[PDB]
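Colleague: Input: one structure, supplied below.
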Amino acid sequence: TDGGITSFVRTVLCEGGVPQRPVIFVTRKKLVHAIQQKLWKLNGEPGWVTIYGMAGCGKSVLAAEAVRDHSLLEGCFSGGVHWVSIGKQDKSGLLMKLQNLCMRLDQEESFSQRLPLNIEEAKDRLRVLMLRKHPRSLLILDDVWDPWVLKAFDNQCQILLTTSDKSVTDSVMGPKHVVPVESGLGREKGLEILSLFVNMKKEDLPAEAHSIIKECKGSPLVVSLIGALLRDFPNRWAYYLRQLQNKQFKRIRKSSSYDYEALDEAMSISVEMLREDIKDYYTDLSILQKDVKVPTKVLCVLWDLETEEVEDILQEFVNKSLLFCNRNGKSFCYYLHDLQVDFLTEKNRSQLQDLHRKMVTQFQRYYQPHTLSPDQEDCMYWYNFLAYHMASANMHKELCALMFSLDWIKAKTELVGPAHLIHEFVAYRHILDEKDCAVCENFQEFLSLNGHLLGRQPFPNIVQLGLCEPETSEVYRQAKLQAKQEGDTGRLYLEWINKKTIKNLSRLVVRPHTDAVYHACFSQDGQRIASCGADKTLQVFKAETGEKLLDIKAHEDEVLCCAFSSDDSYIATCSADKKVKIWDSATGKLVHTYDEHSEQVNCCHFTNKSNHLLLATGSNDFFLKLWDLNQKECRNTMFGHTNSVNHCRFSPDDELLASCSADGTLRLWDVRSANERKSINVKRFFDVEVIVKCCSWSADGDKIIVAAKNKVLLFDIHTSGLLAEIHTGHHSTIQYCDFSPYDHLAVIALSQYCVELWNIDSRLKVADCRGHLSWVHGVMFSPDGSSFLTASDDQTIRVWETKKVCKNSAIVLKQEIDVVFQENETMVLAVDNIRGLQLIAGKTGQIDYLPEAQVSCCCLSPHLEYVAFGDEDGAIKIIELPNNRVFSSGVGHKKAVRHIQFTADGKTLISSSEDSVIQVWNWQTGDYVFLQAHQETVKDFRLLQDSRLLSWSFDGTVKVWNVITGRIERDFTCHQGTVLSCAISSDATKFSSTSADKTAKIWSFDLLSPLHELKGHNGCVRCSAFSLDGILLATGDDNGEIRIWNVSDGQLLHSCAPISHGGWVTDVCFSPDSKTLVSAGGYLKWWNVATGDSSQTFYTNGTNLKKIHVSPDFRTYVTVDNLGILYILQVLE
Ligand SMILES: Nc1ncnc2c1ncn2[C@@H]1O[C@H](COP(=O)(O)OP(=O)(O)O)[C@@H](O)[C@H]1O
């Protein structure tokens, strides 16, 4: 103990969070130095310096002592250092840490306020602060337990960590180091310690001394404790050597309590010796977890006291070495050494349940769940713990109360993401949602859809998000009320009338994981399913009710795949720990481990015949191993692939093995010999690298389908020729699939949550499957094919019954519709997503179908009665609804049919395609009128006043034909490149402006020169509309920007163009009162004329809407999201 401090060393250390010294200290300079060395030994280059040793051996004090020296600090870590007590944390745990470490580094919000909402995101926010804003800085990680934790800090920093297990640096690369520190200490120091406690100096240090130390085993913790004991009772020097002689502490799990023995005792005694008023107090601290620092106030609420007092009490403890503390900024938070917690949790074992109940109670006596203003030192603590303490005390009532609250949901999420709350619902399900009620799934399924939104600022109106749930759901009832309680307060909540029609309600959803499900598969009999994922476990349920049958902790890392044996006897799993495990489908006990791959493993599949039993695995080691489960060893290793092997199914007839790699080849192996028999290069792409995944065999096993980027391919296992090729969603990437045994059906996981299954051979999508809203990973048919399952990042497996998903539902449509706000009801007409078109009667499902050659656009005749639609080949037809059959079809049109529309009167159809000619079919009579623009390709038109019709194209040209006489009454060359949207001033029509690539020029059907150009928009005005007379015209920009310009020929009224919109502002429209501008693009969003927005609410599952249909009164709406969801909104009662 002395002084090498510099009031600088101070700042740098008190800043970063480094702890100070322990009451009494003994310069272990020999190692303070040992460590320091390895630190300079990093130079500039980032590295890893690990100070490991048995728990309670000094490390944490050693670390601090290392960076407690100016010489080493400046010129090395001149930027500073940051202490981060991590300890043993699960996933959600490390998150609360990182969240903290960020609330500290960007304490200036220098890079967006609000903390990161998840590990990954925090990794970055971190990597930035360390590599700028705080460079040349050291990161001190106190007590690390798992390798993976280090890989999150692997961001070019020089990190000094401490651990009780050196093997934590095997999941990270860099010039690592090691500074071994024994578990014990040396008598001379141990003595020093005692000495400095009793105020002696080895001179008066009794005989016992040398023996006591020998008993405390050197552990500075143990010693110091005893030393604090021998100091508070100067006589028992030999009395205690006696207690320590024989460890009279009795804990369950006697067996081999390593470091305990000496410690448990030290504690046992000192504790029993506390005064009889503060002794009850220390007992309560039995509910404070390892590597968790509590703040003064958390205790005030527990004990009904105040700062000073609560601090004095706890002081007596820190002084006696029964507690620890460090600054937080005038405010103090105290921790407990790991071992001391294990002590207490064992000692006051039978009392733990009550302490967690005495807490919470003391939290309701002072606070409110949804009233914790985020300035209270204790704030955080509660959010990420109140929910735990309650469960940790088993309080069905209490808990359900806090987690079934819309208000807590908001409250918490806005502060720390939904990341935690999501875990919790799953963790505390066992106690939470009991009885019969599924008031859970509701809140659970709630946290899945709108997951992405919560915690993301501008914070969503948690009420609307709820209104969007099933009527039956509690999330709704709580949101319906929350609303009806404020009736008339300038808000107005919209309401999804047909919220019911949508929702492909799968026959069953299962939630058994804490993290993304990466795979699943039915048992041969189809009765069960196994599903492994990043929750590091295996999980097997009934294909019936999801009734859990097995909950194994499979591996010590993420699990990339799993499958059942040929007779459902075993379930094997293979992961990134490079291990392949076989389990007992029955007992679920380990049955054997095959560790031979160099890299992670992915494909693991059993032989199909109930005769022989083998297992084939693919890895990133490029090999493919065949295991003979009846042998302690591997049966083969297929050297062959160029890159990583991904998928691989055994041919029905167990003689061939298929292999699908990243090297762009499909490869057939002869099981018996294990020799490459064929290799199929996938070259359908435009040297280029392509990855082939999912790849199943056909019934007869004389064919095989495989998936590469944006296609599925059917190959003849013989000719090695290609039999069929179906392209998928424009441009994405099939992430998985699975050939069905019957009907040529093949389900495929498209890019992100969208999952559609097709019908090869007819090569036509058969049915879309909107179900998840979080990246889908796996998907496959039950053996018999009757049904299929899906696994995604929303960490849920959902069974689906095939027959039912394929029926022609009006659930999902294309984004080509036409609305009819006929008063007492809204009527939408939409192009189906598969074949015909649907006549939807919003406010009474009533879905009527109409077969057809895959239309390309729809069209309703005001009065209904006649429905018209364009076609893909340019064909046009009209069908009369009353009859719903007799249809009339005119001839014309070379390209597909875009906008098509009926004339004011019941006859004459206008329709533009993808070329210069507009068409005016005055059907019924049969006469035709053409409008040879000679232009380029009419972008779109609009039925003007009296038989006059405004047109515009990729020529900046706008025109005013007149039907019944293809005669150009007006021509304008008002843009040098593609006109995009432009409206008329409806009332009268004195004006009619445009908006092309640049800005929006508004003119007057007269002056063959635009009134005043409206420059500014830095994206490209892609729409606009005039204010129902009101003298205003809003222009929707491309990057979300949206300015409202004023009808005074040329100005620049307010630009309420936030984004801090969501990609493209494809539409707008003013209220009949010229006060409410409602925009549409990535999602709906209203505004307040002249500065500020409004009910910016309503977010849709999907996005990139196009045209938002507003009824007359602005109290009814209709739109469709790129997920085929038809939203028919209508303001709340
Ligand atoms: N050099 C030292 N001098 C005095 N006491 C020490 C010393 N090192 C550790 N201790 C005692 O042990 C505690 C710190 O233990 P710690 O270093 O955090 O264990 P670990 O290294 O396994 O994390 C302190 O409360 C202190 O009384």
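Naming scheme: A, B, ... for chains in displayed order of the structure tokens; residues 1 onward per chain; ligands 1 onward as shown.
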At most 6 Å is the cut-off: for each residue in chain A with any atom that close to an atom of ligand 1, write down the nearest atom pair and the distance in Å rounded to one decimal, counting only C-alpha atoms and all ligand atoms, chain first then increasing number, as JSON lines.
Modeller:
{"residue": "A:22", "atom": "CA", "partner": "ligand 1", "partner_atom_place_in_ligand_line": "26 (C)", "distance": 5.0}
{"residue": "A:24", "atom": "CA", "partner": "ligand 1", "partner_atom_place_in_ligand_line": "4 (C)", "distance": 5.2}
{"residue": "A:25", "atom": "CA", "partner": "ligand 1", "partner_atom_place_in_ligand_line": "3 (N)", "distance": 3.6}
{"residue": "A:26", "atom": "CA", "partner": "ligand 1", "partner_atom_place_in_ligand_line": "3 (N)", "distance": 4.1}
{"residue": "A:27", "atom": "CA", "partner": "ligand 1", "partner_atom_place_in_ligand_line": "1 (N)", "distance": 5.8}
{"residue": "A:28", "atom": "CA", "partner": "ligand 1", "partner_atom_place_in_ligand_line": "1 (N)", "distance": 5.7}
{"residue": "A:55", "atom": "CA", "partner": "ligand 1", "partner_atom_place_in_ligand_line": "22 (O)", "distance": 3.6}
{"residue": "A:56", "atom": "CA", "partner": "ligand 1", "partner_atom_place_in_ligand_line": "22 (O)", "distance": 3.3}
{"residue": "A:57", "atom": "CA", "partner": "ligand 1", "partner_atom_place_in_ligand_line": "21 (O)", "distance": 4.6}
{"residue": "A:58", "atom": "CA", "partner": "ligand 1", "partner_atom_place_in_ligand_line": "17 (O)", "distance": 3.2}
{"residue": "A:59", "atom": "CA", "partner": "ligand 1", "partner_atom_place_in_ligand_line": "21 (O)", "distance": 3.0}
{"residue": "A:60", "atom": "CA", "partner": "ligand 1", "partner_atom_place_in_ligand_line": "17 (O)", "distance": 3.8}
{"residue": "A:61", "atom": "CA", "partner": "ligand 1", "partner_atom_place_in_ligand_line": "17 (O)", "distance": 4.2}
{"residue": "A:220", "atom": "CA", "partner": "ligand 1", "partner_atom_place_in_ligand_line": "10 (N)", "distance": 4.5}
{"residue": "A:221", "atom": "CA", "partner": "ligand 1", "partner_atom_place_in_ligand_line": "12 (O)", "distance": 3.8}
{"residue": "A:224", "atom": "CA", "partner": "ligand 1", "partner_atom_place_in_ligand_line": "27 (O)", "distance": 5.1}
{"residue": "A:321", "atom": "CA", "partner": "ligand 1", "partner_atom_place_in_ligand_line": "25 (O)", "distance": 5.9}
Colleague: Just the selected residues (N, CA and C atoms), exported as a tab-separated table (two decimals), in the first residue's frame, please.
Modeller:
chain	number	residue	atom	x	y	z
A	22	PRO	N	-9.18	-2.77	-1.86
A	22	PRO	CA	-9.97	-3.42	-0.82
A	22	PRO	C	-9.45	-2.86	0.51
A	24	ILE	N	-8.04	-3.18	3.18
A	24	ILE	CA	-6.64	-3.46	3.49
A	24	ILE	C	-5.99	-4.07	2.25
A	25	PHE	N	-4.77	-3.64	1.93
A	25	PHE	CA	-4.08	-4.13	0.73
A	25	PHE	C	-2.61	-4.54	0.90
A	26	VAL	N	-2.21	-5.58	0.17
A	26	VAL	CA	-0.83	-6.10	0.19
A	26	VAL	C	-0.23	-6.14	-1.22
A	27	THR	N	0.67	-5.20	-1.49
A	27	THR	CA	1.33	-5.10	-2.78
A	27	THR	C	1.86	-6.43	-3.28
A	28	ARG	N	1.18	-6.99	-4.26
A	28	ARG	CA	1.61	-8.25	-4.84
A	28	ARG	C	2.38	-7.88	-6.10
A	55	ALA	N	-11.25	-19.02	-8.42
A	55	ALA	CA	-12.01	-17.90	-7.91
A	55	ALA	C	-11.36	-17.36	-6.64
A	56	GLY	N	-11.80	-16.18	-6.21
A	56	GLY	CA	-11.24	-15.57	-5.01
A	56	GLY	C	-9.76	-15.83	-4.81
A	57	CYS	N	-8.94	-15.35	-5.74
A	57	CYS	CA	-7.50	-15.54	-5.64
A	57	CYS	C	-6.76	-14.23	-5.79
A	58	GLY	N	-7.49	-13.17	-6.14
A	58	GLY	CA	-6.88	-11.86	-6.30
A	58	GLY	C	-7.16	-11.15	-7.61
A	59	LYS	N	-7.24	-11.91	-8.71
A	59	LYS	CA	-7.48	-11.40	-10.07
A	59	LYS	C	-8.09	-10.00	-10.16
A	60	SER	N	-9.36	-9.90	-9.80
A	60	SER	CA	-10.06	-8.63	-9.84
A	60	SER	C	-9.27	-7.49	-9.19
A	61	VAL	N	-8.60	-7.76	-8.08
A	61	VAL	CA	-7.80	-6.72	-7.45
A	61	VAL	C	-6.54	-6.52	-8.27
A	220	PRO	N	-6.88	-14.71	-0.55
A	220	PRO	CA	-6.95	-13.38	0.06
A	220	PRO	C	-8.34	-13.07	0.62
A	221	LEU	N	-9.37	-13.64	0.01
A	221	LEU	CA	-10.73	-13.41	0.48
A	221	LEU	C	-10.89	-14.02	1.88
A	224	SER	N	-8.49	-12.30	4.53
A	224	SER	CA	-9.01	-10.99	4.87
A	224	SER	C	-10.27	-11.08	5.75
A	321	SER	N	-15.65	-6.97	5.39
A	321	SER	CA	-15.45	-7.77	4.18
A	321	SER	C	-16.61	-8.71	3.87
Colleague: Could you pull out the residues in range 656-800 of chain A that DSSP calls strand (DSSP E or B) from the backbone, as a VMD selection string?
Modeller: chain A and resid 656 to 661 665 to 670 675 to 681 692 to 693 697 704 to 708 711 to 715 722 to 727 736 to 739 745 to 749 755 to 759 764 to 769 776 to 781 787 to 792 797 to 800
Colleague: Report as a ChimeraX atom specification all protein, DNA and RNA residues lying within 8 Å of range 1086-1097 of chain A, evaluated on only C-alpha atoms, omitting residues in the same chain fewer than 3 positions from it.
Modeller: /A:460-461,464,491-492,1053-1056,1074-1079
Colleague: Next, write the just-selected residues to a file, as a CSV table (one decimal), in the first residue's frame, keeping N, CA, C and O atoms as the atom set.
Modeller:
chain,number,residue,atom,x,y,z
A,460,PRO,N,-43.4,3.6,-31.3
A,460,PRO,CA,-44.7,3.3,-31.8
A,460,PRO,C,-45.8,3.5,-30.8
A,460,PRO,O,-45.6,3.3,-29.6
A,461,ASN,N,-47.0,3.9,-31.2
A,461,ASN,CA,-48.1,4.0,-30.2
A,461,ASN,C,-48.5,2.6,-29.9
A,461,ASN,O,-49.3,2.0,-30.7
A,464,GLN,N,-52.3,1.3,-30.8
A,464,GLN,CA,-52.6,0.9,-32.2
A,464,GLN,C,-52.1,-0.5,-32.4
A,464,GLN,O,-52.9,-1.4,-32.7
A,491,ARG,N,-57.0,12.5,-30.9
A,491,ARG,CA,-56.2,11.4,-31.3
A,491,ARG,C,-56.9,10.5,-32.4
A,491,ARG,O,-56.4,10.6,-33.6
A,492,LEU,N,-58.0,9.8,-32.1
A,492,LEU,CA,-58.6,9.0,-33.1
A,492,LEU,C,-57.8,7.8,-33.5
A,492,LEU,O,-56.8,8.0,-34.3
A,1053,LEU,N,-44.0,26.6,-48.9
A,1053,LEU,CA,-44.6,26.3,-47.6
A,1053,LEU,C,-43.8,25.2,-46.8
A,1053,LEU,O,-43.0,24.5,-47.4
A,1054,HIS,N,-44.2,25.0,-45.6
A,1054,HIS,CA,-43.5,24.0,-44.7
A,1054,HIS,C,-43.3,22.6,-45.2
A,1054,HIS,O,-44.1,21.9,-45.8
A,1055,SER,N,-42.0,22.1,-44.9
A,1055,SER,CA,-41.6,20.8,-45.3
A,1055,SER,C,-41.5,19.8,-44.1
A,1055,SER,O,-40.5,19.5,-43.6
A,1056,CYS,N,-42.7,19.3,-43.7
A,1056,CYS,CA,-42.8,18.3,-42.7
A,1056,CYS,C,-42.3,17.0,-43.2
A,1056,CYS,O,-43.1,16.1,-43.4
A,1074,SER,N,-59.0,20.5,-45.6
A,1074,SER,CA,-57.7,21.0,-45.8
A,1074,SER,C,-56.8,21.1,-44.6
A,1074,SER,O,-55.9,22.0,-44.5
A,1075,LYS,N,-56.9,20.3,-43.6
A,1075,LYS,CA,-56.1,20.3,-42.4
A,1075,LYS,C,-55.3,19.0,-42.1
A,1075,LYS,O,-54.3,19.1,-41.3
A,1076,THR,N,-55.8,17.9,-42.6
A,1076,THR,CA,-55.1,16.6,-42.3
A,1076,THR,C,-54.5,15.9,-43.5
A,1076,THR,O,-55.2,15.3,-44.3
A,1077,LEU,N,-53.2,16.0,-43.7
A,1077,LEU,CA,-52.5,15.3,-44.8
A,1077,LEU,C,-52.1,13.9,-44.4
A,1077,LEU,O,-51.3,13.8,-43.5
A,1078,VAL,N,-52.7,12.9,-45.1
A,1078,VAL,CA,-52.4,11.5,-44.8
A,1078,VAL,C,-51.4,10.9,-45.9
A,1078,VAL,O,-51.8,10.9,-47.0
A,1079,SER,N,-50.2,10.5,-45.5
A,1079,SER,CA,-49.3,10.0,-46.4
A,1079,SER,C,-49.1,8.5,-46.4
A,1079,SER,O,-49.5,7.9,-45.4
Colleague: Quick one: residues within 7 Å of residue 713 in chain A, only C-alpha atoms counted, chain neighbours fewer than 6 positions away excluded, as a list in words?
Modeller: residues 705, 706, 707, 722, 724, 725 and 726 of chain A
Colleague: With N, CA and C atoms retained, could you export that selection as a PDB file, in the first residue's frame?
Modeller:
ATOM      1  N   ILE A 705     -34.519 -32.668 -56.450  1.00  0.00           N
ATOM      2  CA  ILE A 705     -34.674 -31.241 -56.603  1.00  0.00           C
ATOM      3  C   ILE A 705     -33.627 -30.622 -55.707  1.00  0.00           C
ATOM      4  N   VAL A 706     -33.186 -29.428 -56.062  1.00  0.00           N
ATOM      5  CA  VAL A 706     -32.191 -28.721 -55.280  1.00  0.00           C
ATOM      6  C   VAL A 706     -32.506 -27.262 -55.453  1.00  0.00           C
ATOM      7  N   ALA A 707     -31.993 -26.434 -54.554  1.00  0.00           N
ATOM      8  CA  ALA A 707     -32.259 -25.015 -54.644  1.00  0.00           C
ATOM      9  C   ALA A 707     -30.970 -24.216 -54.659  1.00  0.00           C
ATOM     10  N   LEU A 722     -31.375 -31.587 -66.600  1.00  0.00           N
ATOM     11  CA  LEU A 722     -32.332 -30.757 -65.881  1.00  0.00           C
ATOM     12  C   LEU A 722     -33.732 -30.961 -66.460  1.00  0.00           C
ATOM     13  N   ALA A 724     -36.760 -29.498 -64.941  1.00  0.00           N
ATOM     14  CA  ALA A 724     -37.641 -28.361 -64.729  1.00  0.00           C
ATOM     15  C   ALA A 724     -36.909 -27.270 -63.964  1.00  0.00           C
ATOM     16  N   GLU A 725     -37.299 -26.022 -64.203  1.00  0.00           N
ATOM     17  CA  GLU A 725     -36.680 -24.875 -63.538  1.00  0.00           C
ATOM     18  C   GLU A 725     -37.692 -23.797 -63.165  1.00  0.00           C
ATOM     19  N   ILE A 726     -37.951 -23.612 -61.876  1.00  0.00           N
ATOM     20  CA  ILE A 726     -38.880 -22.566 -61.489  1.00  0.00           C
ATOM     21  C   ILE A 726     -38.136 -21.452 -60.768  1.00  0.00           C
TER      22      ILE A 726
END
Colleague: List the neighbours of residue 615 in chain A out to 7 Å using only C-alpha atoms; skip same-chain residues closer than 6 positions along the sequence, and give me the result as a JSON list (two decimals) with N, CA, C and O atoms, in the first residue's frame.
Modeller:
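Done, and the output landed in out_13.json:
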[["chain", "number", "residue", "atom", "x", "y", "z"],
["A", 604, "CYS", "N", -27.01, -33.32, -41.20],
["A", 604, "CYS", "CA", -26.86, -34.59, -40.49],
["A", 604, "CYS", "C", -28.12, -35.38, -40.80],
["A", 604, "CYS", "O", -29.21, -34.94, -40.48],
["A", 605, "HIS", "N", -27.95, -36.53, -41.45],
["A", 605, "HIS", "CA", -29.07, -37.37, -41.86],
["A", 605, "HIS", "C", -28.85, -38.89, -41.71],
["A", 605, "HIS", "O", -27.77, -39.41, -42.01],
["A", 606, "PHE", "N", -29.89, -39.59, -41.26],
["A", 606, "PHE", "CA", -29.84, -41.03, -41.07],
["A", 606, "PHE", "C", -30.23, -41.78, -42.32],
["A", 606, "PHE", "O", -30.81, -41.20, -43.23],
["A", 607, "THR", "N", -29.93, -43.07, -42.34],
["A", 607, "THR", "CA", -30.28, -43.93, -43.47],
["A", 607, "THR", "C", -31.79, -44.11, -43.39],
["A", 607, "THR", "O", -32.35, -44.14, -42.30],
["A", 626, "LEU", "N", -19.43, -40.40, -42.97],
["A", 626, "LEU", "CA", -20.47, -41.42, -42.83],
["A", 626, "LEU", "C", -20.21, -42.13, -41.52],
["A", 626, "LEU", "O", -19.16, -42.76, -41.38],
["A", 627, "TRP", "N", -21.13, -42.07, -40.57],
["A", 627, "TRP", "CA", -20.89, -42.75, -39.30],
["A", 627, "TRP", "C", -21.67, -44.06, -39.18],
["A", 627, "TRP", "O", -22.81, -44.17, -39.64],
["A", 628, "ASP", "N", -21.03, -45.06, -38.58],
["A", 628, "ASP", "CA", -21.65, -46.36, -38.33],
["A", 628, "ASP", "C", -21.90, -46.31, -36.83],
["A", 628, "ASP", "O", -20.99, -46.56, -36.05]]
Colleague: For residue 164 in chain A, work out the shell of residues within 7 Å, counting only C-alpha atoms and skipping chain neighbours fewer than 6 positions away, then give it as a list in words.
Modeller: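 These residues fall inside the cut-off: residues 52, 53, 54 and 55 of chain A.
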Colleague: Between A:489, A:531, A:774, A:602, which one has atoms that come closest to residue 549 in chain A, using only C-alpha atoms?
Modeller: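 Ranked by minimum distance to residue 549 in chain A, first place goes to A:531.
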Colleague: Could you tell me which of A:565, A:1100, A:524, A:593 comes closest to residue 577 in chain A if we count only C-alpha atoms?
Modeller: A:593
Colleague: Take CA of residue 435 in chain A and CA of residue 474 in chain A and report the distance between them in Å, one decimal.
Modeller: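 According to the coordinates, CA of residue 435 in chain A and CA of residue 474 in chain A are separated by 15.5 Å.
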Colleague: Take CA of residue 265 in chain A and CA of residue 249 in chain A and report the distance between them in Å, one decimal.
Modeller: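 Rounded to one decimal, the two atoms are 6.2 Å apart.
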Colleague: So which one's closest to residue 979 in chain A, A:548, A:693, A:1001, A:210? Using only C-alpha atoms, please.
Modeller: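 Smallest distance to residue 979 in chain A is found for A:1001.
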Colleague: Can you tell me, as a VMD selection string, what residues are no more than 7 Å from residue 622 in chain A when counting only C-alpha atoms, ignoring any on the same chain fewer than 3 positions away?
Modeller: chain A and resid 619 641 to 645
Colleague: Taking the chain letters and numbering used in this document, name the residues of range 170-282 of chain A that DSSP puts in alpha helix (DSSP H), as a ChimeraX atom specification.
Modeller: /A:187-198,208-216,220-232,237-245,260-272,279-282
Colleague: Those residues with C-alpha atoms, as a CSV table (one decimal), in the first residue's frame please?
Modeller:
chain,number,residue,atom,x,y,z
A,187,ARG,CA,2.3,-17.0,4.1
A,188,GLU,CA,4.5,-13.8,4.4
A,189,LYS,CA,1.8,-11.8,2.5
A,190,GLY,CA,-1.1,-13.7,4.1
A,191,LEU,CA,0.5,-12.6,7.4
A,192,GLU,CA,1.0,-9.1,6.1
A,193,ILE,CA,-2.7,-9.1,5.5
A,194,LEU,CA,-3.6,-10.3,9.0
A,195,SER,CA,-1.0,-7.9,10.3
A,196,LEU,CA,-2.5,-4.9,8.6
A,197,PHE,CA,-5.9,-5.9,10.0
A,198,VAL,CA,-5.1,-6.4,13.7
A,208,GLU,CA,-2.1,-19.6,15.3
A,209,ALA,CA,-1.3,-17.0,12.6
A,210,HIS,CA,1.0,-19.1,10.5
A,211,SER,CA,-1.5,-22.0,10.9
A,212,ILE,CA,-4.6,-19.9,10.3
A,213,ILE,CA,-3.3,-18.8,6.9
A,214,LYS,CA,-2.4,-22.4,6.1
A,215,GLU,CA,-6.1,-23.1,6.7
A,216,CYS,CA,-7.6,-20.2,4.7
A,220,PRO,CA,-7.0,-13.4,0.1
A,221,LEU,CA,-10.7,-13.4,0.5
A,222,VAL,CA,-10.8,-16.1,3.2
A,223,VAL,CA,-7.7,-14.6,5.0
A,224,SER,CA,-9.0,-11.0,4.9
A,225,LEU,CA,-12.4,-12.2,6.3
A,226,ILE,CA,-10.7,-14.0,9.2
A,227,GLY,CA,-8.3,-11.0,9.5
A,228,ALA,CA,-11.4,-8.9,9.9
A,229,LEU,CA,-12.7,-11.3,12.5
A,230,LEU,CA,-9.4,-11.5,14.5
A,231,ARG,CA,-9.5,-7.7,14.4
A,232,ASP,CA,-13.0,-7.3,15.8
A,237,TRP,CA,-6.9,-15.9,18.0
A,238,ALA,CA,-6.6,-19.6,19.0
A,239,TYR,CA,-10.4,-20.0,19.4
A,240,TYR,CA,-10.8,-19.4,15.7
A,241,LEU,CA,-7.8,-21.4,14.5
A,242,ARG,CA,-9.9,-24.1,16.1
A,243,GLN,CA,-13.1,-23.3,14.2
A,244,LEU,CA,-11.1,-23.2,11.0
A,245,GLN,CA,-9.4,-26.5,12.0
A,260,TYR,CA,-16.0,-23.7,-0.2
A,261,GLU,CA,-14.6,-25.5,2.8
A,262,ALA,CA,-12.3,-22.6,4.0
A,263,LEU,CA,-14.6,-19.9,2.8
A,264,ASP,CA,-18.0,-21.2,3.9
A,265,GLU,CA,-16.4,-21.3,7.3
A,266,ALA,CA,-14.9,-17.9,7.4
A,267,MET,CA,-18.3,-16.6,6.4
A,268,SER,CA,-20.2,-18.9,8.8
A,269,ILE,CA,-18.3,-17.3,11.7
A,270,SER,CA,-18.1,-13.6,10.9
A,271,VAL,CA,-21.8,-13.7,10.0
A,272,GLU,CA,-22.9,-15.3,13.2
A,279,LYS,CA,-27.7,-9.4,11.4
A,280,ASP,CA,-31.2,-9.7,10.0
A,281,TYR,CA,-30.2,-7.2,7.4
A,282,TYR,CA,-27.2,-9.1,6.0
Colleague: CA of residue 51 in chain A and CA of residue 155 in chain A, how far apart in Å?
Modeller: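 Between CA of residue 155 in chain A and CA of residue 51 in chain A the gap is 19.9 Å.
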Colleague: Which range 110-190 of chain A residues have any atom within 7 Å of an atom of range 73-92 of chain A, and for each, what is the nearest pair of atoms with distance in Å to one decimal, counting only C-alpha atoms, rows sorted by chain and number, as a Markdown table?
Modeller:
| residue | atom | partner | partner_atom | distance |
| --- | --- | --- | --- | --- |
| A:134 | CA | A:79 | CA | 6.1 |
| A:135 | CA | A:79 | CA | 6.1 |
| A:136 | CA | A:79 | CA | 5.3 |
| A:137 | CA | A:79 | CA | 4.7 |
| A:138 | CA | A:81 | CA | 4.4 |
| A:139 | CA | A:82 | CA | 4.9 |
| A:140 | CA | A:83 | CA | 4.7 |
| A:141 | CA | A:84 | CA | 5.0 |
| A:142 | CA | A:85 | CA | 4.7 |
| A:143 | CA | A:87 | CA | 4.7 |
| A:144 | CA | A:87 | CA | 5.1 |
| A:145 | CA | A:88 | CA | 5.5 |
Colleague: For a quick check of understanding, using only C-alpha atoms, which of A:153, A:381, A:8, A:1127 has the smallest distance to residue 69 in chain A?
Modeller: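 Residue with the minimum atom-to-atom distance to residue 69 in chain A: A:8.
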